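Chemist: The structure follows.
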Protein chains: 2
Amino acid sequence: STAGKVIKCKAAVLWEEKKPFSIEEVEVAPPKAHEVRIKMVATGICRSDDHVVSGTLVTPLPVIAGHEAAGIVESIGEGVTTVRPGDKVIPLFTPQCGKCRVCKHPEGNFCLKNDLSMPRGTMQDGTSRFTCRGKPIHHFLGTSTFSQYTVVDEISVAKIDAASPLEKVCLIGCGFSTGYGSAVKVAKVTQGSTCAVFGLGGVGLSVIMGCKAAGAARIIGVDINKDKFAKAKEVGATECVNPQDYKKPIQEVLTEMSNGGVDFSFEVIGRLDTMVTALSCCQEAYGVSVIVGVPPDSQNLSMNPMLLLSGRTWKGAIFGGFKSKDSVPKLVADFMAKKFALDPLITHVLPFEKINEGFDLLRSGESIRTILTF
Amino acid sequence: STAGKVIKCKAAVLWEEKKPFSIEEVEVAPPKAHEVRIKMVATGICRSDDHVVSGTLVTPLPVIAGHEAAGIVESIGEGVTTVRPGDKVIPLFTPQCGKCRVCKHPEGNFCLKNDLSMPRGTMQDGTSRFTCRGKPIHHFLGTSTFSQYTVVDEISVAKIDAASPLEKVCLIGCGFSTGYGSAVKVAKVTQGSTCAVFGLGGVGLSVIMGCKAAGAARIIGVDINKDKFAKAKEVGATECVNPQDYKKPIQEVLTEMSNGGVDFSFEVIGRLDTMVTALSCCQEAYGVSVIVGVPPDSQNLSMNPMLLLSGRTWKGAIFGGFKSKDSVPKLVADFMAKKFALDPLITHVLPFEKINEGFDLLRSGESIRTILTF
Ligand SMILES: NC(=O)c1ccc[n+]([C@@H]2O[C@H](COP(=O)([O-])OP(=O)([O-])OC[C@H]3O[C@@H](n4cnc5c(N)[nH+]cnc54)[C@H](O)[C@@H]3O)[C@@H](O)[C@H]2O)c1
Ligand SMILES: NC(=O)c1ccc[n+]([C@@H]2O[C@H](COP(=O)([O-])OP(=O)([O-])OC[C@H]3O[C@@H](n4cnc5c(N)[nH+]cnc54)[C@H](O)[C@@H]3O)[C@@H](O)[C@H]2O)c1
Ligand SMILES: [Zn+2]
Ligand SMILES: [Zn+2]
Ligand SMILES: [Zn+2]
Ligand SMILES: [Zn+2]
């Protein structure tokens, strides 16, 4: 009943940095060629969405944020072949065009069509599908999931199992897959190894899940909020440390705890200082450190390259290294077969209309993931 | 006969920074338990030895430098099982104790007994075997090869083929193995890939050799001294670029030349700026950059961690990642079997007494390796 028509619906519009979202009516254009219009069902609150508010992650404003979500296709534009109306789908904030040198590379996943490295806040054609108060509104990462309806490019959506619980599998659209893949795919954690995970939010808990799935013998969680430790131990941390409890810098603490440095470390916060600390705490000759956290816009870290010359490996990744469109449906299938759990990440559920309360819960330290239902 | 006796011999002593070497008589104590005294046959001049002179690489002075060499065992201390008097040997500036967590790790080579991290300038037992004019003289990296005789710990020497030409295979003690291994072992260069090599001295040429051995399709040499380009092409560079020839930063030039970034880059100079440039020029999603150059003492680089978050891998290594005592004899055997060439690295052969002339050749840009002969 809405195919080819503008849809008026509610969205959470961010007009200004460091302000609440405005829940108000927007106009969502119908999908053009190779575009998909999605009726959203559930969306998680990821710290990266908060980074848009705080100006940590710069993207043009005004904007509809949201990138961790699941929904049902309402309509498809001309030439779409990979989804149909009524399909369950997860928007892909990292696209998979299938044609660029990264998509063709066996390891690569950061498709050259992404809108993360130099955000423009548009569709692939450089235009917007959203109007609010007669004004064009930017997209976010090609997804814009804080809306009852969004429009995405076909390379930014994956069809998932029709029997999927969308209020759970939305987490496969960012925080679970990122953390789990950072451990299993990017770091390639080994059986019997010692891991250190800096930051015990939804992504860091997913890193722990991946380290435990890979057979790590020790998984040391690191957080300044000791309220995060109980859940970290539930999902596989063998011990947790709060840097504020120690006189010495935590890289020295972790090096001593691991009898000379850890095998694998993960920065899952977004601070320059913890990226350098996480590198330093991995064993100097064979350690691996993975940056997962999003750094503050345009800021450089300072480090001594002797940390690398001795033999350390330092890498980072988007979306856990997963090729998004190939991997998301498989992750959903594995979830349905109980190969991993998502409930440990979900601490709060709210209606979409209470999105600002969901951000309050994240900012207070209380929540891991709040799932918003449309 | 010399066994069990102090040897008086000629050595090149560095009394203070930024002074010529002093060629004079030293006393070399006999080897203690688990030590080996070696009559030197040939030693190369590596830029790292010049770093000791320039204060780029801090180690206690006064010192007998030299770490890239080959010679013949004169005597062994009690308990030595791996070499005998008369054996051809290469001193190992990276030891292989076989007992530490690094030696037992499949991918580690920076043995915890090394004297590079936190240089003491001694034997393993914390004492020196060298005196000159009644003063104790420091060791360098457990090797000290700028002497007619040295004493090394057993874990810092490898027995090699008795038919080895020592005036060539001394380069397996540092520069060849470092560069070749940085390509084939540390980076794991792939067939058909595009590589960029920053710095076309003895080590950078050895990186090129390894990239070509690994089947790279394109190998771009980068040097500010265009006199280095002809030899770089001879050993496998497909093209060479001088940053001084361009208005743009060379990372932009290399990204354009490689249609979006190289597969593998190598920093083989020792500058903070070129370490960051070499990282930046590798493809943002799947590129790998290896730091080989020794950085200036206590200086930090500045970089944007988004370079890593998109998917790059950054690592460094000592001695090409090779476990030194296992690898050096095999590399010599491979050289004897014509698996690689050393002559392209050798531009000058001088008597040991001409050490200062050999350093002046390096500093002027006029040599690759000078081999000093005893
Ligand atoms: N690379 C990617 O693709 C990707 C995906 C998802 C999230 N992210 C980023 O990953 C980071 C974590 O996201 P999240 O899990 O949703 O966030 P979160 O829930 O805010 O978790 C971060 C955790 O870090 C803890 N923390 C803050 N400061 C410190 C400190 N100095 N030392 C130790 N712990 C500290 C904090 O208490 C919290 O539990 C954020 O920067 C995100 O933007 C990146
Ligand atoms: N990691 C290890 O185990 C190891 C081993 C051996 C050598 N090294 C280091 O590797 C580096 C190279 O050693 P080497 O080959 O003997 O030295 P080298 O022969 O002096 O070669 C260095 C090359 O870098 C070139 N160069 C200088 N500045 C620039 C610039 N700004 N841009 C581009 N090219 C430049 C220079 O012209 C020369 O050809 C030194 O820092 C050594 O200390 C490290
Ligand atoms: Zn692509
Ligand atoms: Zn996210
Ligand atoms: Zn060892
Ligand atoms: Zn050297």
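Residue numbering restarts at 1 in every chain; chains get A, B, ... in the order shown in the structure tokens, and ligands count up from 1 in that same order.
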Find the spatial neighbours of residue 4 of chain B, counting only C-alpha atoms, within a cut-off of 9 Å - ignore same-chain residues fewer than 4 positions away - and output them as a CSV table (one decimal) with N, CA and C atoms, in the first residue's frame.

Modeler:
chain,number,residue,atom,x,y,z
B,29,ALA,N,90.0,-11.8,27.0
B,29,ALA,CA,90.1,-12.8,28.0
B,29,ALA,C,89.7,-14.1,27.3
B,30,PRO,N,90.2,-15.3,27.9
B,30,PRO,CA,89.7,-16.6,27.4
B,30,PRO,C,88.2,-16.8,27.8
B,31,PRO,N,87.5,-17.7,27.0
B,31,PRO,CA,86.1,-17.9,27.3
B,31,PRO,C,85.9,-18.6,28.6
B,75,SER,N,88.7,-21.1,20.5
B,75,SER,CA,88.6,-22.0,21.7
B,75,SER,C,87.1,-21.9,22.3
B,77,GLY,N,84.8,-22.5,26.0
B,77,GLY,CA,84.7,-22.7,27.4
B,77,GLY,C,84.1,-24.0,27.8

Chemist: If we count only C-alpha atoms and set the cut-off at 10 Å, which residues sit around residue 358 of chain A, ignoring sequence neighbours fewer than 3 positions away in its own chain? Please answer as a list in words.

Modeler: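 Close residues of residue 358 of chain A: residues 44, 45, 348, 349, 350, 351, 352, 353, 354, 355, 361, 362, 363, 367, 369, 370, 371 and 372 of chain A.
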
Chemist: Tell me which protein, DNA and RNA residues are within 8 Å of residue 214 of chain A, counting only C-alpha atoms, leaving out same-chain ones fewer than 6 positions away, and put them as an MDAnalysis selection string.

Modeler: chainID A and resid 183:184 188:191

Chemist: Could you write out chain A as a short mmCIF file (atom, residue, chain, number, x, y, z; two decimals) with C-alpha atoms, in the first residue's frame once it has been least-squares superposed on chain B using every ordered C-alpha pair?

Modeler:
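What landed in part.cif:
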data_model
loop_
_atom_site.label_atom_id
_atom_site.label_comp_id
_atom_site.auth_asym_id
_atom_site.auth_seq_id
_atom_site.Cartn_x
_atom_site.Cartn_y
_atom_site.Cartn_z
CA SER A 1 98.51 -22.25 21.20
CA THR A 2 96.21 -19.56 22.82
CA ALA A 3 93.54 -21.71 24.58
CA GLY A 4 93.08 -20.50 28.20
CA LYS A 5 95.28 -17.44 27.58
CA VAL A 6 94.53 -13.74 27.23
CA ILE A 7 94.91 -12.74 23.57
CA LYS A 8 96.30 -9.30 22.70
CA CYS A 9 94.94 -8.25 19.28
CA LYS A 10 93.79 -5.23 17.34
CA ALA A 11 90.21 -3.95 17.64
CA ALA A 12 88.30 -0.85 16.58
CA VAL A 13 87.43 0.86 19.86
CA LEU A 14 84.81 3.60 20.00
CA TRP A 15 85.79 5.81 22.89
CA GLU A 16 83.37 8.69 22.11
CA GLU A 17 80.26 9.34 19.99
CA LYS A 18 80.75 11.07 16.63
CA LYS A 19 84.48 10.23 16.48
CA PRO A 20 86.51 7.83 14.32
CA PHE A 21 87.12 4.35 15.63
CA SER A 22 90.54 3.85 17.22
CA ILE A 23 92.38 0.80 15.82
CA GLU A 24 94.48 -0.30 18.77
CA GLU A 25 95.52 -3.22 20.93
CA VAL A 26 92.96 -4.79 23.26
CA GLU A 27 93.18 -7.76 25.63
CA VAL A 28 90.59 -10.47 25.01
CA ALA A 29 90.03 -12.76 28.00
CA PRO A 30 89.62 -16.49 27.44
CA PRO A 31 86.06 -17.87 27.27
CA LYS A 32 84.29 -18.76 30.54
CA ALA A 33 81.68 -21.52 30.86
CA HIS A 34 79.34 -21.61 27.82
CA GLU A 35 81.39 -18.94 25.96
CA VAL A 36 83.19 -19.11 22.60
CA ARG A 37 86.24 -17.13 21.48
CA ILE A 38 86.25 -16.44 17.73
CA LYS A 39 89.03 -15.37 15.35
CA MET A 40 87.19 -12.98 13.05
CA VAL A 41 87.59 -13.38 9.29
CA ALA A 42 85.18 -10.81 7.78
CA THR A 43 82.72 -8.21 9.09
CA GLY A 44 80.28 -5.96 7.25
CA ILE A 45 79.53 -2.33 8.02
CA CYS A 46 75.80 -2.12 8.84
CA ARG A 47 74.09 1.26 9.34
CA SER A 48 73.27 0.09 12.90
CA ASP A 49 77.01 0.15 13.69
CA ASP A 50 77.00 3.79 12.48
CA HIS A 51 73.97 4.41 14.71
CA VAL A 52 76.22 3.57 17.69
CA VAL A 53 78.65 6.29 16.53
CA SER A 54 75.89 8.86 15.90
CA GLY A 55 74.02 8.15 19.16
CA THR A 56 70.95 7.00 17.18
CA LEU A 57 71.28 3.56 18.88
CA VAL A 58 72.33 4.07 22.48
CA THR A 59 74.64 1.48 24.00
CA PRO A 60 77.26 2.01 26.74
CA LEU A 61 80.65 3.46 25.68
CA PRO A 62 83.48 2.83 25.30
CA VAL A 63 82.53 -0.07 23.06
CA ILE A 64 83.68 -2.57 20.42
CA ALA A 65 80.85 -2.43 17.87
CA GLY A 66 80.27 -4.80 14.96
CA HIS A 67 77.52 -7.39 14.64
CA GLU A 68 77.50 -8.62 11.00
CA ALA A 69 80.40 -11.05 10.71
CA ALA A 70 81.87 -14.50 10.30
CA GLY A 71 84.92 -16.19 11.79
CA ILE A 72 86.57 -19.38 13.04
CA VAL A 73 86.33 -20.66 16.61
CA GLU A 74 89.69 -20.30 18.42
CA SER A 75 88.57 -21.92 21.72
CA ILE A 76 85.47 -22.96 23.69
CA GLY A 77 84.71 -22.59 27.39
CA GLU A 78 83.57 -25.34 29.69
CA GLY A 79 80.27 -26.97 28.72
CA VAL A 80 80.04 -25.66 25.11
CA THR A 81 78.37 -28.38 22.96
CA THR A 82 77.30 -26.60 19.71
CA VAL A 83 80.67 -25.46 18.24
CA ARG A 84 84.25 -26.67 18.39
CA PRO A 85 87.65 -25.07 17.71
CA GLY A 86 88.17 -24.66 13.93
CA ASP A 87 84.45 -24.43 13.12
CA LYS A 88 83.27 -21.60 10.88
CA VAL A 89 80.71 -19.51 12.79
CA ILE A 90 78.46 -16.47 12.51
CA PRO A 91 77.90 -14.44 15.71
CA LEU A 92 74.19 -13.94 16.43
CA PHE A 93 73.33 -10.38 17.54
CA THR A 94 69.88 -11.73 18.36
CA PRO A 95 70.57 -14.80 20.54
CA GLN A 96 68.58 -18.00 20.56
CA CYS A 97 68.66 -19.33 24.16
CA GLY A 98 66.08 -22.04 23.19
CA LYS A 99 64.48 -21.85 26.69
CA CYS A 100 62.58 -18.52 27.02
CA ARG A 101 58.93 -18.05 26.08
CA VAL A 102 59.95 -16.28 22.83
CA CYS A 103 62.37 -19.04 21.76
CA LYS A 104 59.62 -21.65 22.45
CA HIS A 105 56.98 -19.66 20.51
CA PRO A 106 56.54 -20.73 16.87
CA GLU A 107 56.71 -17.15 15.50
CA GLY A 108 58.93 -15.37 18.05
CA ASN A 109 62.59 -14.64 17.48
CA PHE A 110 63.50 -11.69 19.77
CA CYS A 111 64.99 -13.89 22.50
CA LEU A 112 64.68 -12.46 25.99
CA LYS A 113 68.49 -12.71 26.42
CA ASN A 114 69.03 -10.02 23.75
CA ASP A 115 71.07 -6.91 24.54
CA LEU A 116 69.16 -4.67 22.07
CA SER A 117 66.03 -3.56 24.01
CA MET A 118 67.93 -2.18 27.05
CA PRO A 119 71.58 -2.39 26.14
CA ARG A 120 74.08 -3.13 28.93
CA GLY A 121 77.09 -3.87 26.66
CA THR A 122 78.18 -7.01 28.53
CA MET A 123 78.34 -10.76 28.21
CA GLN A 124 75.33 -12.68 29.56
CA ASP A 125 77.08 -12.78 33.02
CA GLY A 126 77.13 -8.93 33.16
CA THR A 127 80.91 -8.64 32.69
CA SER A 128 83.28 -7.74 29.82
CA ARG A 129 85.96 -9.86 28.12
CA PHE A 130 87.72 -6.75 26.70
CA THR A 131 90.37 -4.45 28.23
CA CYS A 132 92.05 -1.51 26.41
CA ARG A 133 94.68 0.76 28.00
CA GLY A 134 93.87 -1.12 31.23
CA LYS A 135 90.18 -0.02 30.99
CA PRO A 136 87.17 -2.34 30.57
CA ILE A 137 85.46 -1.96 27.13
CA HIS A 138 81.79 -2.76 26.50
CA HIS A 139 80.48 -5.39 24.18
CA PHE A 140 77.81 -4.62 21.53
CA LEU A 141 74.75 -6.86 21.07
CA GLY A 142 76.73 -9.76 22.57
CA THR A 143 78.87 -9.89 19.40
CA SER A 144 81.55 -7.12 19.15
CA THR A 145 82.83 -8.18 15.75
CA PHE A 146 85.10 -5.15 15.10
CA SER A 147 88.00 -7.07 16.69
CA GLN A 148 90.46 -9.68 15.51
CA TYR A 149 89.09 -11.84 18.34
CA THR A 150 85.80 -11.65 20.22
CA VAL A 151 84.14 -13.72 22.94
CA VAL A 152 80.41 -14.51 22.68
CA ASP A 153 77.95 -16.51 24.71
CA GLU A 154 77.14 -19.90 23.15
CA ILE A 155 73.50 -18.76 22.58
CA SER A 156 74.98 -15.97 20.37
CA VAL A 157 76.87 -18.17 17.87
CA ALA A 158 75.92 -20.56 15.09
CA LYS A 159 78.12 -23.19 13.42
CA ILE A 160 77.98 -22.91 9.60
CA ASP A 161 79.16 -24.98 6.65
CA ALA A 162 82.92 -25.65 6.78
CA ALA A 163 83.22 -24.76 3.04
CA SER A 164 81.49 -21.34 3.57
CA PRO A 165 83.06 -18.23 1.94
CA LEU A 166 83.21 -16.09 5.10
CA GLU A 167 83.82 -12.84 3.16
CA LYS A 168 80.30 -13.29 1.66
CA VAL A 169 78.28 -15.09 4.35
CA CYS A 170 79.06 -12.51 7.02
CA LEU A 171 76.06 -10.66 5.48
CA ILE A 172 73.79 -13.47 6.72
CA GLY A 173 74.69 -12.23 10.22
CA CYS A 174 72.59 -9.08 9.72
CA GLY A 175 71.67 -7.19 6.61
CA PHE A 176 70.71 -9.99 4.12
CA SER A 177 68.77 -12.08 6.59
CA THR A 178 67.03 -9.04 8.04
CA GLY A 179 65.79 -7.71 4.73
CA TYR A 180 64.98 -11.07 3.12
CA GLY A 181 63.16 -12.36 6.22
CA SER A 182 61.27 -9.08 6.65
CA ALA A 183 59.71 -9.80 3.24
CA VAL A 184 59.32 -13.61 3.22
CA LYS A 185 58.70 -14.33 6.92
CA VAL A 186 57.38 -11.16 8.65
CA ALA A 187 55.31 -9.55 5.86
CA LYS A 188 54.71 -12.88 4.01
CA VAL A 189 54.68 -11.13 0.65
CA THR A 190 52.34 -12.93 -1.80
CA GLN A 191 52.64 -13.77 -5.49
CA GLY A 192 51.35 -11.00 -7.77
CA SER A 193 51.41 -8.33 -4.99
CA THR A 194 52.68 -4.76 -5.09
CA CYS A 195 55.41 -3.85 -2.59
CA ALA A 196 56.99 -0.50 -1.64
CA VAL A 197 60.49 -0.52 -0.07
CA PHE A 198 61.64 2.68 1.67
CA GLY A 199 65.42 2.78 1.79
CA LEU A 200 67.66 1.07 -0.76
CA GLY A 201 70.74 0.28 1.33
CA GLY A 202 71.95 -3.25 2.01
CA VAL A 203 68.87 -4.11 4.08
CA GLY A 204 66.34 -2.57 1.65
CA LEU A 205 67.99 -4.38 -1.30
CA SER A 206 67.60 -7.60 0.69
CA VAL A 207 63.91 -6.78 1.21
CA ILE A 208 63.61 -6.38 -2.56
CA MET A 209 65.34 -9.74 -3.04
CA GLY A 210 62.76 -11.30 -0.70
CA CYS A 211 59.78 -9.60 -2.39
CA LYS A 212 61.01 -10.89 -5.79
CA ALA A 213 61.58 -14.40 -4.34
CA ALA A 214 58.00 -14.33 -3.03
CA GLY A 215 56.70 -13.50 -6.55
CA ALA A 216 55.65 -9.84 -6.14
CA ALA A 217 54.50 -8.38 -9.49
CA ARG A 218 55.58 -4.80 -8.61
CA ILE A 219 58.36 -3.67 -6.28
CA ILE A 220 58.63 0.10 -5.95
CA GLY A 221 61.91 1.31 -4.46
CA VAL A 222 61.85 4.63 -2.64
CA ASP A 223 65.05 6.56 -1.87
CA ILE A 224 66.12 10.22 -1.76
CA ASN A 225 69.47 9.13 -3.30
CA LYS A 226 68.74 8.29 -6.95
CA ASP A 227 72.23 6.70 -7.19
CA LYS A 228 70.68 3.74 -5.32
CA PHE A 229 68.10 3.01 -8.07
CA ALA A 230 70.23 1.09 -10.57
CA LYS A 231 71.17 -1.66 -8.08
CA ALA A 232 67.61 -1.78 -6.70
CA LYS A 233 66.34 -2.54 -10.25
CA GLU A 234 69.11 -5.16 -10.71
CA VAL A 235 67.83 -7.11 -7.67
CA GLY A 236 64.14 -6.83 -8.60
CA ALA A 237 62.67 -3.31 -8.26
CA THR A 238 60.24 -2.67 -11.11
CA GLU A 239 60.43 1.11 -10.64
CA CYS A 240 62.04 3.59 -8.30
CA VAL A 241 60.80 6.94 -6.99
CA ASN A 242 62.61 9.82 -5.25
CA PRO A 243 60.24 11.72 -2.90
CA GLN A 244 62.25 14.93 -3.62
CA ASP A 245 61.00 14.82 -7.27
CA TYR A 246 57.32 15.20 -6.30
CA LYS A 247 55.20 18.11 -5.13
CA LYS A 248 52.85 15.74 -3.23
CA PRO A 249 53.83 13.59 -0.24
CA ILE A 250 55.16 10.21 -1.38
CA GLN A 251 52.36 8.25 0.42
CA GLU A 252 49.89 9.95 -1.99
CA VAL A 253 52.18 9.26 -4.97
CA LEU A 254 52.47 5.56 -4.04
CA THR A 255 48.72 5.24 -3.36
CA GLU A 256 48.03 6.65 -6.85
CA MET A 257 50.72 4.45 -8.49
CA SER A 258 49.21 1.33 -6.84
CA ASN A 259 45.59 2.26 -7.73
CA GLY A 260 44.62 2.67 -4.05
CA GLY A 261 47.61 1.55 -1.92
CA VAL A 262 50.25 -1.16 -1.91
CA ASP A 263 49.87 -4.69 -0.51
CA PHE A 264 53.13 -4.58 1.47
CA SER A 265 55.35 -1.69 2.52
CA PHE A 266 58.70 -1.69 4.36
CA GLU A 267 60.43 1.07 6.26
CA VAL A 268 64.14 0.33 5.87
CA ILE A 269 65.68 3.71 6.83
CA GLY A 270 65.09 4.57 10.53
CA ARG A 271 63.00 7.77 10.38
CA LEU A 272 59.78 8.38 12.31
CA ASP A 273 58.24 10.24 9.32
CA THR A 274 58.95 7.41 6.84
CA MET A 275 57.51 4.84 9.27
CA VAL A 276 54.19 6.75 9.19
CA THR A 277 54.44 7.35 5.38
CA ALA A 278 55.14 3.64 4.79
CA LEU A 279 52.09 2.66 6.87
CA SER A 280 49.87 5.20 5.09
CA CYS A 281 50.88 4.04 1.56
CA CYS A 282 49.66 0.46 2.15
CA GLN A 283 46.02 -0.23 1.19
CA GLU A 284 43.80 0.94 4.08
CA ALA A 285 41.70 -2.25 4.40
CA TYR A 286 44.23 -5.09 3.89
CA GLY A 287 47.70 -3.55 3.57
CA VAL A 288 50.67 -4.61 5.70
CA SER A 289 53.59 -2.36 6.70
CA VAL A 290 56.79 -3.66 8.32
CA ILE A 291 59.20 -1.42 10.25
CA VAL A 292 62.80 -2.56 9.78
CA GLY A 293 64.74 0.67 10.32
CA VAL A 294 66.11 1.47 13.84
CA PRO A 295 64.44 4.65 15.17
CA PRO A 296 66.34 7.49 16.93
CA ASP A 297 66.76 6.74 20.62
CA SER A 298 63.75 7.37 22.87
CA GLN A 299 61.76 9.34 20.21
CA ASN A 300 58.04 8.79 19.67
CA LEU A 301 56.19 9.03 16.35
CA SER A 302 52.77 10.62 15.99
CA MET A 303 50.02 8.93 13.93
CA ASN A 304 46.27 8.78 13.39
CA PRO A 305 44.95 5.41 14.59
CA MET A 306 42.23 5.55 11.88
CA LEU A 307 45.05 4.26 9.63
CA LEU A 308 44.79 0.98 11.58
CA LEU A 309 41.03 0.95 12.28
CA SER A 310 40.28 0.63 8.55
CA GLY A 311 42.17 -2.71 8.47
CA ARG A 312 45.93 -2.06 8.05
CA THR A 313 48.45 -4.23 9.84
CA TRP A 314 51.60 -2.61 11.25
CA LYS A 315 54.46 -4.71 12.57
CA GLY A 316 58.19 -4.62 13.03
CA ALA A 317 60.93 -7.17 13.49
CA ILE A 318 64.53 -7.77 14.42
CA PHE A 319 66.68 -9.95 12.15
CA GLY A 320 63.88 -10.63 9.66
CA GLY A 321 61.90 -12.62 12.19
CA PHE A 322 64.41 -15.49 11.96
CA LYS A 323 65.12 -17.66 15.00
CA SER A 324 68.80 -16.93 14.74
CA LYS A 325 70.68 -20.13 15.64
CA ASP A 326 68.21 -22.39 13.76
CA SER A 327 68.08 -20.15 10.72
CA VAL A 328 71.65 -18.89 10.09
CA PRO A 329 73.11 -22.31 9.16
CA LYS A 330 70.17 -23.00 6.82
CA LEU A 331 70.59 -19.60 5.15
CA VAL A 332 74.29 -20.36 4.65
CA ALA A 333 73.40 -23.79 3.11
CA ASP A 334 70.88 -22.09 0.82
CA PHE A 335 73.49 -19.54 -0.23
CA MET A 336 75.93 -22.34 -1.03
CA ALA A 337 73.16 -23.93 -3.23
CA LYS A 338 72.72 -20.53 -5.06
CA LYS A 339 69.20 -19.96 -3.70
CA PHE A 340 70.00 -16.23 -3.28
CA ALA A 341 72.91 -13.93 -4.11
CA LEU A 342 75.03 -11.79 -1.75
CA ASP A 343 77.42 -10.16 -4.28
CA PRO A 344 74.85 -7.48 -5.25
CA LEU A 345 75.11 -6.13 -1.70
CA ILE A 346 78.94 -5.96 -1.66
CA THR A 347 80.14 -2.75 -3.29
CA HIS A 348 83.51 -2.33 -1.51
CA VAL A 349 86.14 -4.48 0.16
CA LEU A 350 88.72 -3.11 2.61
CA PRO A 351 91.13 -4.46 5.18
CA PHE A 352 89.85 -4.13 8.77
CA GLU A 353 92.56 -1.49 9.39
CA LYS A 354 90.63 0.82 6.95
CA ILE A 355 87.37 0.59 8.96
CA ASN A 356 87.09 4.40 9.15
CA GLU A 357 87.26 4.68 5.33
CA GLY A 358 84.49 2.02 5.27
CA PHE A 359 82.30 4.23 7.48
CA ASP A 360 83.13 7.26 5.28
CA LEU A 361 81.89 5.31 2.24
CA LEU A 362 78.61 4.49 4.02
CA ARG A 363 78.06 8.07 5.25
CA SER A 364 78.79 9.59 1.78
CA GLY A 365 76.03 7.45 0.20
CA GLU A 366 78.56 5.62 -2.03
CA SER A 367 78.52 2.12 -0.55
CA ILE A 368 75.95 -0.56 0.14
CA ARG A 369 78.06 -3.04 2.11
CA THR A 370 81.76 -2.70 2.68
CA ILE A 371 83.22 -6.02 3.83
CA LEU A 372 86.26 -5.70 6.10
CA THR A 373 88.83 -8.53 6.09
CA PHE A 374 90.99 -9.28 9.16
#

Chemist: Quick one: DSSP strand (DSSP E) residues in segment 194-256 of chain B, as a PyMOL selection string?

Modeler: chain B and resi 194-198+218-222+239-241
